[PDB]
Peer 1: 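Quick one: the structure is below, and I'll ask about it shortly.
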Amino acid sequence: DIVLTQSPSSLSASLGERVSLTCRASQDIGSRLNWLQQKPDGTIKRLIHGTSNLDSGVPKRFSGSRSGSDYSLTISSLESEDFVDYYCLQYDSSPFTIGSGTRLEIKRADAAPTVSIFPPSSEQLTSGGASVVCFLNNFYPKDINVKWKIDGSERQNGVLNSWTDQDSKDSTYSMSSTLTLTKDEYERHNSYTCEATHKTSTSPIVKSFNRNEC
Amino acid sequence: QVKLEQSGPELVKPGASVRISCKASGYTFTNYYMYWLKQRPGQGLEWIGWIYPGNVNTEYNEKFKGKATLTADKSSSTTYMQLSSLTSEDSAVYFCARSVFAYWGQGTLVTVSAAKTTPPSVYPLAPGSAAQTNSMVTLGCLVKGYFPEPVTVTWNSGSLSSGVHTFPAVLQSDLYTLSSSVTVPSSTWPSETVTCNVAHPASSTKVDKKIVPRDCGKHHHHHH
Ligand code: NA
């Protein structure tokens, strides 16, 4: 029941910088802590075992250490292949437990999202459904808030969000938000709004349309 | 020299069960512990349990006891994990690993859904209004209600690649849904055509959907 608290869940960093991931164990676990690495294709590899031993085939930029109950994985100079997921785990007691993981991402300057709202198309309405979609494109940092409103009243049920991976070319993020209602519900209301707010926003970005309008 | 090779991806119905395998090689199978792990999409690793092949003794994370059953075949050098009474919370990648998390199998994705193979409905995403000139306009395609993964989305059959990205699919109510975005100069649309091409190999379907301006018009889809 040992708890491993890994921090931070997201670490922004840059090529060539030194970074240190941390894992605090809720109980003494001695040296029985391993670090794993997970690539985007899903493959996993052990990087370090027993707190500080590098695994075979591990570049020496990777190293691991311990300080009381605080364990740390340190990368001496980040290479592009290193911006992925990392996990600590303990085998001092069973059940074995794993930290919640850390994703390294590339730091870049702030970027405001471009927001677009799309009314359902006529085809979808003939089939009985009504999906309103909003795109929040190319923004940075990844964190952002999105809100749906129907005739001025915030709607939280029926909403589904999806984020792209950090873009390989400009390091921004994009997110799509889709609100799905019965066709009959969509016709009982007139106004629809996607409201985004990001750290770059001085005021929230309001995108909207009226169903009875063209 | 140690290798762990798992079976391929599976599509299973809720309430059914599924057996995953992990063939080991390069070491004496009975001298090491075997582990099974679970990874919900977008989430962290979870420990399921271990099995020691020499006597096939097992110990489980209490959370998975009864849900997962580990077994090992000393002659075949294979460990199996059986998952029972599946529900949607069981869709995940499942990993095999040799002690002490020293070597790893490649993962096996298990998807639970009551759905039959189903081609996507493809719907245009055009702006609701506010055309702005001498700029960029963002259009898109909503690819909805398909099963199983995957789909391939392309724009103008590869001609529009500048400012394109497709969001990862989300499995809701047994079917997947994704959307794709494209950004083009405003001088190029609607004056020039923009079309998304959507391929769904499990159903052998391929569809094109031209994006046209929003208005009060009915039936654009029979003509686009
Ligand atoms: Na509204």
Side-chain angles (χ1 to χ4, degrees), chain A residues 1 6 9 32 34 36 38 41-46 49-50 55 85 87 89 91 94-101 114-127 129 131-133 135 137-138 160-165 167 174-176 178 180 192 207-214, chain B residues 35 37 39 42-47 49-50 59-63 93 95 97 99-107 109 121-130 136-140 142 144-145 163 165-170 172 177-181 183 214-222:
Chain A
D1 74 301
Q6 220 182 316
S9 41
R32 299 156 146 208
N34 286 354
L36 320 159
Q38 187 173 38
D41 70 345
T43 57
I44 294 165
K45 157 99 155 168
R46 185 172 78 171
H49 58 281
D55 269 85
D85 290 359
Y87 292 89
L89 63 98
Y91 52 107
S94 31
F96 298 146
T97 48
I98 308 145
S100 43
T114 292
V115 186
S116 304
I117 181 164
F118 308 101
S121 58
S122 49
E123 187 171 8
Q124 193 185 187
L125 306 160
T126 52
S127 283
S131 286
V132 194
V133 171
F135 289 158
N137 287 342
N138 309 295
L160 283 178
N161 300 338
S162 173
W163 271 252
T164 61
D165 293 326
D167 191 80
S174 290
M175 192 209 334
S176 65
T178 302
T180 309
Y192 288 83
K207 287 297 155 152
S208 86
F209 72 86
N210 303 310
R211 184 187 52 90
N212 76 6
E213 184 130 59
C214 352
Chain B
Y35 306 149
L37 292 298
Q39 187 172 46
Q43 320 291 330
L45 282 157
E46 282 172 86
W47 190 77
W50 52 251
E59 185 176 89
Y60 296 89
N61 165 353
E62 218 62 50
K63 169 154 120 86
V93 180
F95 291 91
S99 61
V100 194
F101 299 102
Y103 302 97
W104 289 76
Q106 80 282 6
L109 169 77
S121 305
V122 177
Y123 302 118
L125 301 173
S129 185
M136 306 283 302
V137 49
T138 298
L139 315 166
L142 165 62
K144 189 168 144 78
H165 46 76
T166 295
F167 303 85
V170 162
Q172 77 128 330
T177 288
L178 66 74
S179 261
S180 178
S181 174
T183 306
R214 278 282 303 190
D215 53 17
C216 320
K218 215 167 174 136
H219 305 149
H220 281 308
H221 54 285
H222 288 131

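What's counted below: heavy atoms across the whole structure, side chains too, no hydrogens, waters or symmetry copies. By convention in this document, chain letters (A, B, ...) are assigned in the order of the sequence lines, proteins followed by strands, and residues within each chain are numbered from 1.
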Peer 1: With a 4.5 angstrom heavy-atom cut-off, could you sort out which part of B:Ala126 is near chain A: side chain, backbone, both or neither?
Peer 2: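 B:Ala126 touches chain A through backbone heavy atoms alone.
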Peer 1: Which heavy atom of A:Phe118 sits nearest a heavy atom of B:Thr138, and at what distance?
Peer 2: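 Nearest pair, atom of A:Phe118 first, then B:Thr138: CE2-O, 3.4 Å.
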Peer 1: Highest number of heavy-atom pairs under 4.5 Å with chain A: which of B:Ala102, B:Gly42, B:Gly128, B:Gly49?
Peer 2: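 Heavy-atom pair counts peak at B:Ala102.
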Peer 1: Checking B:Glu59 against chain A: side chain, backbone, both or neither under 4.5 Å from a heavy atom?
Peer 2: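 Just its side chain gets close to chain A.
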Peer 1: For residues A:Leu36 and B:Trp104, determine if any side-chain heavy atom of one lies less than 4.5 Å from a side-chain heavy atom of the other.
Peer 2: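 A:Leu36 reaches B:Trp104 side chain to side chain.
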Peer 1: Would you sort out whether A:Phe135 and B:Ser179 count as a side chain to side chain contact (heavy atoms under 4.5 Å, CB included), showing the intermediate values?
Peer 2: CA-CA 9 Å; A:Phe135 289 158; B:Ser179 261; 3.9 Å; yes
Peer 1: Determine the option with the most heavy-atom pairs under 4.5 angstrom with chain A, choosing from B:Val93, B:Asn61, B:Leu142.
Peer 2: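 Among the listed options, the one with the most contacts to chain A is B:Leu142.
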Peer 1: Just to verify, what does A:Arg211 make a salt bridge (charged side-chain N to carboxylate O under 4.0 Å, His left out) with, not counting sequence neighbours?
Peer 2: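 Testing A:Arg211 for salt bridge (charged side-chain N to carboxylate O under 4.0 Å, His left out), a comparison that skips the adjacent residues, returns none.
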Peer 1: Is there a side-chain contact between A:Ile44 and B:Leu37 in this structure, where contact means two heavy atoms from C-beta onward sitting under 4.5 Å apart?
Peer 2: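 Side-chain contact under 4.5 Å: no.
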Peer 1: Report which part of B:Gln39 has an atom under 4.5 Å of a heavy atom belonging to chain A: side chain, backbone, both, or neither.
Peer 2: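 Looking at B:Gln39, just its side chain touches chain A.
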Peer 1: Is there side-chain contact between B:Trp47 and A:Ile98, with heavy atoms separated by less than 4.5 Å?
Peer 2: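 Heavy-atom side-chain distance check passes, below 4.5 Å.
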Peer 1: If you count heavy-atom pairs within less than 4.5 Å of chain B, which of A:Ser162, A:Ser208, A:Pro120, A:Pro95 leads?
Peer 2: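 Among A:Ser162, A:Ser208, A:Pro120, A:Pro95, the one with the most close pairs to chain B is A:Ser162.
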Peer 1: Let me know if B:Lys144 has heavy atoms under 4.5 Å from chain A in its side chain, its backbone, both or neither.
Peer 2: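 Just its side chain gets close to chain A.
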Peer 1: Quick check on the interface: out of B:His165, B:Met136, B:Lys63, who has the most heavy-atom pairs with chain A under 4.5 Å?
Peer 2: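 Sorted descending by pairs with chain A, the first entry is B:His165.
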Peer 1: Testing the 3.5 Å rule here: is there a donor-acceptor pair between the side chains of A:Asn137 and B:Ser181?
Peer 2: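 Result is yes, a qualifying pair exists.
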Peer 1: Please classify the contact between B:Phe95 and chain A as side chain, backbone, both or neither, with a heavy-atom cut-off of under 4.5 Å.
Peer 2: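 B:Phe95 touches chain A through side-chain heavy atoms alone.
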Peer 1: Measure B:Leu109 against the heavy atoms of chain A and call it side chain, backbone, both or neither at under 4.5 Å.
Peer 2: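 Answer is neither: B:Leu109 stays 4.5 Å or more from chain A.
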Peer 1: Is it the side chain or the backbone of B:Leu45 that comes within 4.5 Å of chain A heavy atoms, both, or neither?
Peer 2: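 For B:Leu45, heavy atoms of backbone and side chain both lie under 4.5 Å from chain A.
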Peer 1: Could I get the full list of salt bridge (charged side-chain N to carboxylate O under 4.0 Å, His left out) partners for A:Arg46, not counting sequence neighbours?
Peer 2: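 A:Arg46 satisfies salt bridge (charged side-chain N to carboxylate O under 4.0 Å, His left out) with A:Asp55 only.
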Peer 1: Give a yes-or-no answer on whether the side chains of B:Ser129 and A:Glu213 include a donor-acceptor pair shorter than 3.5 Å.
Peer 2: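 Result is no, nothing qualifies.
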Peer 1: Counting heavy-atom pairs closer than 4.5 Å to chain A, which one of B:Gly140, B:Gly44, B:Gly217 comes out on top?
Peer 2: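 When all of B:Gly140, B:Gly44, B:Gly217 are compared, B:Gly44 has the most.
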Peer 1: Checking heavy atoms, do the side chain of B:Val100, its backbone, both or neither come under 4.5 Å from chain A?
Peer 2: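 The answer is both parts of B:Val100.
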Peer 1: Take B:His221 and A:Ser122 through the test side chain to side chain contact (heavy atoms under 4.5 Å, CB included) and record every step on the way to the result.
Peer 2: CA-CA 7 Å; B:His221 54 285; A:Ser122 49; 3.4 Å; yes
Peer 1: Looking only at heavy atoms and a cut-off of under 4.5 Å, which of B:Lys218, B:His222, B:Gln172 has the most pairs with chain A?
Peer 2: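 Top count of heavy-atom pairs under 4.5 Å with chain A: B:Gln172.
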Peer 1: More than 12 heavy atoms of other residues, nucleotides or ligands under 6.0 Å from CG of A:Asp1: yes or no?
Peer 2: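 Count not over threshold, so no.
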